[PDB]
Structure formats: C-alpha cells, structure tokens
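A.B. asks: Below you'll find the sequence and an experimental structure to go with it.
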Amino acid sequence: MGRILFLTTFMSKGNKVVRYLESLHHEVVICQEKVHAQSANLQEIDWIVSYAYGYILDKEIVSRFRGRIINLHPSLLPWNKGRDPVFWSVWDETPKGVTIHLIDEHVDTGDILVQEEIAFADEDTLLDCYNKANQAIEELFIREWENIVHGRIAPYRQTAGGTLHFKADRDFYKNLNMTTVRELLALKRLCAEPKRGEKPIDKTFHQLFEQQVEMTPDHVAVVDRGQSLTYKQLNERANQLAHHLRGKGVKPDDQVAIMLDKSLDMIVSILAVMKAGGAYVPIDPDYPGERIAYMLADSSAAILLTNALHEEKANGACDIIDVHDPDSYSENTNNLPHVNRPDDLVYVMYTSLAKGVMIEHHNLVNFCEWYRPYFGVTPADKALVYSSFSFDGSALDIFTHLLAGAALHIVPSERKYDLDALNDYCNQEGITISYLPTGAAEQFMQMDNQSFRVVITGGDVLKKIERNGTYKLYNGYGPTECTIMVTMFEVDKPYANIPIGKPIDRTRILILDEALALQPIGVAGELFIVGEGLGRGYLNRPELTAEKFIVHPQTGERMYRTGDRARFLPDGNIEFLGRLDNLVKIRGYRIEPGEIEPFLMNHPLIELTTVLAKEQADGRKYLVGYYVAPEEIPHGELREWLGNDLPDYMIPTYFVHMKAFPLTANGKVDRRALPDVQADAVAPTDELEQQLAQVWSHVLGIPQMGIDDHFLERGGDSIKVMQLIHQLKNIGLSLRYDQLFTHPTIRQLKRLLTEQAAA
C-alpha cells in the first residue's frame, strides 16, 4: 500500500503499532536516530509515525511531509508536553490521557487527531502508569488509524495552557519511579516546594520583645532565687546598658562577648547586646582558659560584658564592661532606635576543632513564633533556664518563653545536677514547661513530678519514655547550624526507634541519596535541612561553609548537609538512624553499624545491641554484633533474623552474647571497655542464584556476579530492572518489580524466588 517510517528511540521494534501497520501490508522502516533530508530512510515515504522519538525533525522535513507526520504522545497533550509525560502527569496532578497528533515546528504543539482520557490507580506504580498509557495509546492508534489515513478526522487546536517538561527535569526524581502513585504524591506533599503567598520575616527579636513588654509590662519576666524582674524592669535596665553599648560603637552584625554565670545580669546583658544592635557571644566561665582565649580570638568581639569575678579569665583580650558598675548603665530607659534587619546576626555559638556558628534574627524569630503556638505558651507558664549559656538550648529556654510572656526561672548550680532537688523546686514554683537535654530528661522521668505540663528533649538519642508525671513528652531534633531544632515529635507510645517527627514553620527536610536525589518514603538517606532556620554559616570558615551549606544541583535551593542518616515514616514522621556513613566499611561495602543495631534489637529475646567493626591485624575490618540476652542465641538464627531485612554483606560475621554491657558513668555503653574479637579470615552459593547471576550479568554487562552484590550500586536503573524482569520471565520464573527494589541483592532475590513458587 504505502511505505511508513516509524520513529522511536524508546519503544521496541515489535510494537503492536508496527505489527498492525505491517498487517495492513505497509512496509515499515524503523529508525531510532536523527535523520536529515538526504537520509535513505526518507525515500518514498508516505506517512511518518513517531512514537517516543528522542529527536526533533529538521523543519525542512516537517514542511515537506506536512499533513503526514503523526505522533503518539502518552498524555492529555496540552498537558505534559515533552519528556516523561506520564511521570509529570502523576506528580503535577494534571489531567490524564493519551494523544495522537500532528507534528509542527514546536514540541508537541501540533493539532490533535484523537485524544483519550486515561485513569491511574492509587496503588499502581509509576512503571504501571507508563505501560498502561503506552498500551492505551497503541490501542487508540489501532482503532483510529483508518480514519487517520483517509484524513476523515478533524484535527482541532489544543486548548490553551498546559505544561512542558524537558529531559533533565526528572533528574532529581530518578529514584522514584518504582514508587506507587499514593506514595509518590505523599512524598510530594512532604518534600515539595512551599506554597505561594508567603513573605519574608520582617521582625527582629527585640522588636517582638519590646512589643511583648508593652502588652505585659507588670508581669514577671525572669526569676533568680528570690529576686525578680518584671518585663518593664528588665526592658528598662537592658535599655540603659544597651544605650551604653551602642554608645561605645556597637553596630549591626558586631560581635559582643558575654562572660557570666546564670543570673539576671545574663538576661539583662543578652537583651542589651541585642538592643544595642549587636550579636552576642556566650562564654561559659567554667571553660578552660584555652578555649576561652580561642573563643575570644576567633570572635571579632571588641567588647566583653563580664563580672569582676571572671574578668581576669579574659587576660585583657578586649574592652571590658563590668555588669556591676553603675557607669555601665545609661540614664535613658527608652527603647533604642531600631537599626536592625532580620538578616542581621543575633548570636554566635561554638560547637565542638571548634566552629563559631552564625545565627540570624529571622532564624530565631521563626523558631520562637513556631514554638509559642505549638506548645500553647501563655503568660501563665513558667520555664527553666537550664541548658548552658553557650548552647542553643539556652536560646530556646530564654527566647521562646520571653515572647509568649512567660516567666523564666534561673537554675542555680546546686539544683542543676541534683534532679531531685530541681524537681522539688519545679513543684514548689509550679514550673509548667522546659527543655532538658536527653538523659537529664530520662532521669527527671524517674523523679515524681506534677509541676510540668510539657517537657522537651533532644540532642541525644531518646530511649526511655516512661515517667512519673502527667505531662506530655516531646522529642525534637536539629543542629546548631539550623538554629536549635528543625523537627519536633509528640511521644505517645513507646518505640524501639523513637521518631524525631515533623518539621517546624518554614522548614522542609529532604531525605537524599549520595547523589542528592529524592528518596521514596521509607527509604533511608542523608537528611538535608531547607528553610528559615538555616543560619549564616561558620565564622571565618567560608570553605567549610561552602561544604556544609550547599546549592542543590537539580534544585538550586540552599540546603544544609547534616551528615545524619534518616528516613520518612508512612505517617510522615521522620526517623533517625545513624550519621555520615563512615567509622568503617566492610569487605568493600559501605556499612553503618547504627543501621544494623535496630534490626538486631527487634529480636524478641534481646534488649540491647551495639555492633562494631574490628581489625584482623591485616589492616581491614569485620563486623561484630554485640547483643545482651538471657542466653546465647545460635549464630544461624541471628543470621537468618537479620537476613530477613538486611543484605548479607551487612549481616555481621560475628555475634557476641553478653549478660550485661559495661557502662561509662556518662553515656550508655563504653566502647573501649567492650571486648574484642578476632579472625585470620563471595560467589553464588546455590545453582538457582547462579543461573540468575547469568541474567544479571547479561542485562547489565558484568563479568562476575556475587551473592551479596547489589543491582543498583552497579548502575542498575529503571530500564535495567525492567530488562531484568522482562528477560527472566521468558527464560525462567517471572518476578514482580517491587520485589527487586525491596530485595535488591542476589540472595535476597533468591530467598524470594525459593519461597515464592514453593508457597
């Protein structure tokens, strides 16, 4: 009848389309590369049919063949023009369908021959969508082809609007497409960009404070022992001092060092530094003289607010303002003229090699403003200033409760470590809410308390949730870099791994793979913080800042690299599991012991596990799983147990039973005191996985296939997982595409295949 050029780079040469056309006695030339006018394929060609063709036709060709170039595009064509139409159809939540259409000079903007709505299920995977759509448009082709050849169809222009995507746009999401529609959209709801309508934070802290002074001026602000300052009193005093400070040349972004013990003077000083226009640098006087000299040196601070007591610890490093000298205090009690922007520094705190972290006003403001309503903080509340001067926990303590008009209580040294006496003080003063570091918290749970409405903990891994009090318990999480905590969770029931929860106002958290691409929900990956909490970075360490605070390759958003491992739960709450990915690997494999410990722990008989890597004295390391238990558990059983969730190379080669773990006084178990193991010290075991080793080797092109070896750390991909299953189905037993992403190693796949057809 007539000669047909079939243009495709993705679809096979055995398509239903091609075969139907041949069934009609058409000679079908198949071309998967870009052609020019001179090309031999273009000789004697009546109709050109393009299906998932990766190239653009030269305008010459499109004009000479005008009216006769048909394209099959799996989407409501106005929608999802360009690359990956089905994927973007699911992600952007556009209308669904398939369109057969004329080709014009632009990308899928030609007039529509025949169009048909399609529907996807919540439980279908993205691959399912892809295939169903291809199927539907092929069937559509077959139905309407005759009415296309006889030109008896009216092509109508496309509806205005629609969307266009390019080749690179799907990069960020390259891992998602074995994911389900439901799961994908959930990942969208969690991780996608913030909704329109928002505006930058326009306030500085001392603004919100002074406002809160005017609203509640007579109410107590901060209490130390018996003595108190009302919000008006505190504000006035801090204003006097601040007038003196700004009078000494303190400007926006200027560092001002404060070295004092927990007191009213400390609050006075912090607020004074703020009001005078600077950022404050907290120095604990109980630090070694060395770290003190260093904090003073690294800091550009020219002024030091301090006691006559701790004066000399400075060694004359800077100008000293004594908080006990009346001359340090101006007569003026009025608010100073505002010189500040929310992007000015509010404080610099050091972490420990010790880095000075620069936090801005809008960071703090975001945190306070999320804190007050979330915990329902009213002036009825009373809070503890517990955490050290130089930790961000102090920032939470002071600032979150000042702006809600609450009452700060200073903790004295004696009460601080005696949690029994501090409990007593809390019950006598009726302290409603506070933040205790993990382990301090756990201890307070022992003390019978009826003073707290809410306690908040984080900074170390919470494990004990049992408590004598009637109060709600919260586990939060967040680096000093992103201004205190970027997540919070309400602990309702016990957990083996207590989740860290959901993000706060104006902060998103992204679970990423090593390549900085999104992970599907439930799949572990590094935790990246995006949003309002991200600070300015480390002081005088611009390269280190450049390493930690990154500009996303695909996205271009400023994000923080925590170095923490974490994953999303189905209910959205974030779960913490380890750090970097280091300490040591094993046998050529990147391994985290932390990743293994929980899978070990849910074994009904063991209550505590830690796993370590030890040296064979050959220079490299092997894996030892340490477990506390009633009695020794047989190695085979543990190997199988871990084997159900983990890849074999993660399964430790050793498993020590102990009746009890040795403990350091501070922290839980000591590693140095822990026993050590030793050994002088793989191909497919059975012939089933040895026969699928062949199909792996043939899909991806590897010489040798191991039992532990992954499918995806070799560069397996959507196409190759498919090629795997498609090829295996007709030379062997079929598999499901989910099974391969859940059980991606060789022997895991084997465990399936063996327990699959046999049951």
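C.D. replies: Cool, got the structure. Residues are numbered from 1 along each chain as shown.
A.B. asks: In a helix, residue 473, correct?
C.D. replies: No. Counting by DSSP: H, G, I helix; E, B strand; the rest coil, residue 473 is not found in a helix; it is strand.
A.B. asks: ok, the closest residue to it other than its chain neighbours - contacts?
C.D. replies: Distances taken as Cβ to Cβ, 6 or more residues apart in numbering place residue 491 nearest to residue 473, at 4.4 Å, with adjacent residues excluded. The C-beta positions use only the backbone N, C-alpha and C, and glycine is treated the same way. Neighbour list for residue 491: 462, 465, 472, 473, 474, 475, 498 [criterion: Cβ atoms under 8 Å, 6 or more residues apart in numbering].
A.B. asks: Pull out the buried residues from those.
C.D. replies: 462, 465, 473, 474, 475, 498 (16 or more other Cβ atoms under 10 Å).
A.B. asks: So the second one belongs to a helix, correct?
C.D. replies: No. The assignment for residue 465 by three-state DSSP gives coil, which leaves it out of any helix.
A.B. asks: wait, what's in contact with it?
C.D. replies: Taking Cβ under 8 Å, 6+ apart, one finds 445, 473, 491, 494, 495, 498 in contact with residue 465.
A.B. asks: how about 6 Å then?
C.D. replies: Contacts for residue 465 (Cβ atoms under 6 Å, 6 or more residues apart in numbering) come out as 491, 494.
A.B. asks: Now do the phi/psi pair for it.
C.D. replies: In terms of degrees, to the nearest 10, the main-chain angles of residue 465 are phi -120, psi -10.
A.B. asks: which among the contacts of residue 491 gets closest to residue 270?
C.D. replies: residue 474 (24.8 Å; Cβ to Cβ).
A.B. asks: In this structure that closest one contacts residue 458, no?
C.D. replies: No. Using Cβ atoms under 6 Å, residue 474 and residue 458 do not qualify as a contacting pair, with a distance of 8.1 Å.
A.B. asks: what are the ranges of the strands in the stretch 151-300 of the chain?
C.D. replies: Using DSSP state E, counting those that start in this stretch, the strands of the stretch 151-300 of the chain run over 164-165, 220-224, 227-230, 255-259, 279-282.
A.B. asks: Against residue 562, how distant is the residue nearest to residue 473?
C.D. replies: The gap separating residue 491 from residue 562 is 22 Å, by Cβ to Cβ, to the nearest Å.
A.B. asks: just to revisit the earlier point, which among the buried ones among the contacts of residue 491 gets closest to residue 33?
C.D. replies: Among those, and counting by Cβ to Cβ, the member closest to residue 33 is residue 498, at 56.0 Å.
A.B. asks: Excluding chain neighbours, what is closest to the closest one?
C.D. replies: Closest residue to residue 498 apart from its sequence neighbours, by Cβ to Cβ, 6+ apart: residue 462 at 5.0 Å.
A.B. asks: isn't there a helix covering that neighbour?
C.D. replies: No. The assignment for residue 462 by three-state DSSP gives coil, which leaves it out of any helix.
A.B. asks: how about it, what does it touch?
C.D. replies: By Cβ under 6 Å, 6+ apart, the residues touching residue 462 are 438, 475, 498.
A.B. asks: Over to it: give its phi and psi.
C.D. replies: Taking degrees, to the nearest 10 as the convention, residue 462 sits at phi -60, psi 140.
A.B. asks: just to revisit the earlier point, minimum distance to residue 315: which of the strands of the stretch 151-300 of the chain has it?
C.D. replies: Comparing the strands of the stretch 151-300 of the chain against residue 315 with Cβ to Cβ, the closest turns out to be strand 255-259 (11.8 Å).
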